[PDB]
Amino acid sequence: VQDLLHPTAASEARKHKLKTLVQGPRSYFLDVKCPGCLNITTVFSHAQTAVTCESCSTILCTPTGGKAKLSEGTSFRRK
Amino acid sequence: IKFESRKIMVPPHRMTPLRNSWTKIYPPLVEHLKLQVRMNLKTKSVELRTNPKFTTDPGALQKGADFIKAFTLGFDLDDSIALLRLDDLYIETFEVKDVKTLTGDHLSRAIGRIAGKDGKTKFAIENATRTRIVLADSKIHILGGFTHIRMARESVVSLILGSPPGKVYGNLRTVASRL
Amino acid sequence: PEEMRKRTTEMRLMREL
Amino acid sequence: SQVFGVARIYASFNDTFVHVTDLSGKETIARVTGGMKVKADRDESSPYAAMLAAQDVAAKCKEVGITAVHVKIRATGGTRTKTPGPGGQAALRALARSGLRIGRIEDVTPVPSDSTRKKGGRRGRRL
Amino acid sequence: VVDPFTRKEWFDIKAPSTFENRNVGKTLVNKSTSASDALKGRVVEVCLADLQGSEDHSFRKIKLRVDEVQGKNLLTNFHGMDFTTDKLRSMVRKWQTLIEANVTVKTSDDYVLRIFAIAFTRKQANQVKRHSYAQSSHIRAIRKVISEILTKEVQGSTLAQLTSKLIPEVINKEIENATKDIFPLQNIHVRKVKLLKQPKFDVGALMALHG
RNA sequence: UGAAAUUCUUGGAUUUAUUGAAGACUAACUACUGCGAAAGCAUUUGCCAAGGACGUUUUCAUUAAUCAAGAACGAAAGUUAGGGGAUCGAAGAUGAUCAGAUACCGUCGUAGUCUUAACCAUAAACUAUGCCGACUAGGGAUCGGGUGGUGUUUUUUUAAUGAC
Ligand SMILES: [Mg+2]
Ligand SMILES: [Mg+2]
Ligand SMILES: [Mg+2]
Ligand SMILES: [Mg+2]
Ligand SMILES: [Mg+2]
Ligand SMILES: [Mg+2]
Ligand SMILES: [Zn+2]
């Protein structure tokens, strides 16, 4: 037995994004630090574009089927 | 009695039954036929050889190979042993598509018709015709005397072409009485 | 260990079944 | 001291051939068929016919000098059945009993990748 | 009125130096009235086990064609390779994908030939699925890899060198190494070799092959 | 063939080996599994456009469901005009017409089967079961995508991928 008004956090975490009590995105944004210039760039987790660092024009992420794959050597933090 | 060898490759789906029945397979081969038996696990092929100092019957090697082959096709051990016991047994093999190009559910029903409910139809042919039948998917093998396998083949083929089992069953009684 | 191989076989038979 | 030939066995529905030739296959050593050893055309495919044919070639080959044969058994193949019949099986057994050394046994039936239509028709054949 | 074998004459066939056992039996032909013309172009197929004296090659056959005659010795040259039907029927099994490739290529000797290679998918050690089907992308990639490999070895070699590679099955191991990352495989074999076209005959290149 | 006979055959049949030509078809892998609106679709490689599902904190903002009229495709057979014509083969001919489990068998085979440009628009075209939307049990298998693991294997330098 479960309470629909107050679902368990793990239960909601298992469900699809649109099937929760109040639908919301499971994506997030990241601060990616370019290996060269050490500046921070905001990158979408599921980015569909090869985000490039504006100063150095270096590839920070590459698109894939779902989450974008971050370039090797790029440090990241969740924002 | 010169040094000769035979190799009979075992298909994978017959290896496990070969394991459980190996205890009853090498005695007749090594004792009556005086054959040197072995299975090459690396090649998964049963190897038989004539021992020149011991083997005496020239037809032992070929007789043994057919016995292994009969078990390989799917015939029970005791039925295969009949090849060692006798010398006038042969194996007839033919496919469903040879008789009639059946596909999809038509092929499934043809196999079901030959076997019959609870295998009754297959046993009916086997008893009346004094033969053993192995129904491997669309591949049919018949074992028995030459005149006998032809009779069983005709009864099987009539089933493939669409003849109902009931009518074929009555025909089996008639030929059985003649036998 | 080799007991893990035994586990895979038991699952394989159950799947084939 | 050991000369090899090749023993080609063609096991059809209505007859069995036993043909022994040199290794290349161009030169024929002895060809005997089920019909040449039986009085009634019904029994030409009979195993008994094959045994007589196999024994005759086995005797003839020993006269020539051939002392061992590689068996290449085949059926009609093509759009028809692919497995050798009892006539072929009987011929193989007789050859072994003859004392002629059997080198290697392989099935060389003509198997089509995909073939023309079969003579039966839509309703089948071989009533 | 004439027993044909009174007039026949026997000839001993000798195989290339690339094979261990040169003695490969004998044949017969009518005595010259010439015997050479009938002898030339004659093709003999023999299992590799006999030529190498090892049962590891029980499922492979080599066709050698007669090219020269000297003093009852028939000097032959490599003409083709194939597998026995029983072995092929053994490998081809249910619940797996069959990947077959063919490539037409000419050796350094202008010997145009066609190589057919076959392979099958296999399930991992810990795999539990019944089947090991490969997605069509993987099949296409493996086929491309096999084609490139076969072209590379054939083009950069002579026909004798090609046979010397065929006997130990190095090409199969090379294919296995190249395709290891794409998808696991089994029964990788060079199924067949056809010799389509031939260059101008050079008796020197045959005598050198036969020593 | 149940036994024969029409048929081919000492001018070499059937069988054997080395080739060559033609036209179809893609075995085994092959599985109610995959794809397509349906009919249907199975050798490799390339080009052309098309498509579902999945991922998206992208965009428009009711643009949607069902559908007389009207239109596109529609197995097999079939018609018109060229091409091709290997196999099988309606029609037609012909051998035998004895024997009931093997009782319709054999041989030659026109149209067709294949293809190009158009007609025809029918099937047990079947899940004998309209389309759209909502809700109502558990279980583990499979196909495509995605997420998670400090899981095995490979990469036999690591690794990262790929496969499990
Ligand atoms: Mg698929
Ligand atoms: Mg879409
Ligand atoms: Mg229309
Ligand atoms: Mg026309
Ligand atoms: Mg349909
Ligand atoms: Mg509904
Ligand atoms: Zn930078």
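- The name given to chain B in the PDB entry is Pre-rRNA-processing protein PNO1, and the organism recorded there is Saccharomyces cerevisiae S288C.
- Per the header of the deposited record, the title is "SSU processome maturation and disassembly, State O".
- Word for word, the UniProt comment on chain B under Function is "Required for small ribosomal subunit (SSU) synthesis. Has a role in the processing of early nucleolar and late cytoplasmic pre-RNA species. Recruits DIM1 to nucleolar pre-RNAs. Indirectly required for cleavage at the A2 site of the 20S pre-rRNA, forming 18S rRNA, and at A1 and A2 sites of other pre-rRNAs."
- Its UniProt record, at the heading Sequence similarities, says of chain B: "Belongs to the PNO1 family."

- Chain A carries the name 40S ribosomal protein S27-A in the PDB entry, which gives Saccharomyces cerevisiae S288C as its organism.
- Quoted verbatim from the Subcellular location heading of the UniProt record, the comment on chain A is "Cytoplasm".
- Looking at the Sequence similarities heading of the UniProt record, one finds this comment for chain A: "Belongs to the eukaryotic ribosomal protein eS27 family."

1. Considerations on the overall build of chain A
For step 1, the next point in the chain: Along its length, chain A carries 1 helix and 5 strands.
For step 2, the next point in the chain: From first element to last, N terminus to C terminus, chain A shows the α and β order α-β-β-β-β-β.
For step 3, the next point in the chain: On C-alpha atoms alone, chain A measures out to a radius of gyration of 17 Å, which is more than a quarter above the 12 Å that the 2.2 N^0.38 rule sets for 79 residues.
For step 4, the next point in the chain: The C-alpha extent of chain A, read off along each of the three principal axes, is 55 × 20 × 20 Å.
For step 5, the next point in the chain: Taken across its 79 residues, chain A has 20% of its residues classed as buried.
For step 6, the next point in the chain: Counting contacts in chain A only where the partners sit at least 6 residues apart, residues at least 24 apart contribute 24% of the total.
For step 7, the next point in the chain: Across chain A, the centroid of the 11 positively charged side chains sits 5 Å from that of the 5 negatively charged ones.

2. Focus: the overall build of chain B
For step 1, the next point in the chain: Broken down by element type, chain B carries 9 helices and 6 strands.
For step 2, the next point in the chain: With the principal axes as the frame, chain B shows a C-alpha extent of 55 × 40 × 25 Å.
For step 3, the next point in the chain: Classification of the 179 residues of chain B by burial places 48% in the buried group.
For step 4, the next point in the chain: By sequence separation, contacts in chain B at least 24 residues apart represent 60% of the contacts at least 6 residues apart.

3. Here we look at empty space enclosed by the protein
For step 1, the next point in the chain: Roughly 120 Å³ of volume is contained in the largest cavity.
For step 2, the next point in the chain: Lining the largest cavity, in full, are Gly-59, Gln-62, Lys-63, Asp-66, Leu-83, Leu-86, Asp-87, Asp-88 and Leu-89 of chain B together with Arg-93 and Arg-97 of chain D.
For step 3, the next point in the chain: Breaking the lining of the largest cavity down by element, the ones donating at least two residues are helix 3 (60-73) of chain B together with helix 2 (86-97) of chain D.
For step 4, the next point in the chain: Considering every element that reaches the lining of the largest cavity, the biggest residue donor is helix 3 of chain B, with 3 residues.
For step 5, the next point in the chain: Each residue belonging to the lining of the largest cavity can be placed in one class, and the counts come to 3 nonpolar, 2 polar and 6 charged.
For step 6, the next point in the chain: Shared between two domains, the lining of the largest cavity takes at least three residues from each, and those domains are domain 1 (2-85) and domain 2 (86-179) of chain B.
For step 7, the next point in the chain: If you add up the space inside the second largest cavity, you get close to 50 Å³.
For step 8, the next point in the chain: Secondary structure elements with two or more residues in the lining of the second largest cavity: strand 5 (73-83), helix 6 (159-166), helix 7 (170-178) and strand 8 (185-197) of chain E.
For step 9, the next point in the chain: Split into classes, the residues belonging to the lining of the second largest cavity amount to 5 nonpolar, 2 polar and 3 charged.

4. As for the UniProt feature "domain: KH" in chain B
For step 1, the next point in the chain: Per the UniProt record, "domain: KH" is annotated on residues 104-156 of chain B.
For step 2, the next point in the chain: Helix makes up 60% of residues 104-156 of chain B and strand 21%, whereas the separation of the span's terminal C-alpha atoms amounts to 20 Å.

The rules behind each value
- Residues numbered from 1 in each chain as written, not as in the entry; some residues may be left out.
- Chains lettered and ligands numbered in written order.
- Part of a larger assembly, values for the part shown.
- Heavy atoms only, no water.
- UniProt positions renumbered as here; feature names shortened; annotations may be inferred.
- Helix = DSSP H or I, 4+ residues; strand = E, 2+ residues; numbered from the N terminus.
- Rg over C-alpha atoms; globule rule 2.2 N^0.38 Å.
- Buried < 20%, exposed > 50% of the residue type's maximum accessible area, 1.4 Å probe, protein only.
- Contact = heavy atoms within 4.5 Å.
- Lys, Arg positive; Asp, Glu negative; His and termini not counted.
- Charge placed at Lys NZ, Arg CZ, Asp CG, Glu CD.
- 1 Å grid on protein atoms, 1.4 Å probe; cavity = no way out; pocket = protein on both sides within 12 Å on 5 of 7 lines; lining within 4 Å.
- Points joined across faces, edges and corners; volume = space filled by probe spheres on them.
- Nonpolar A, V, L, I, M, F, W, Y, C, P; charged D, E, K, R; others polar.
- Domains from an automatic or database assignment.

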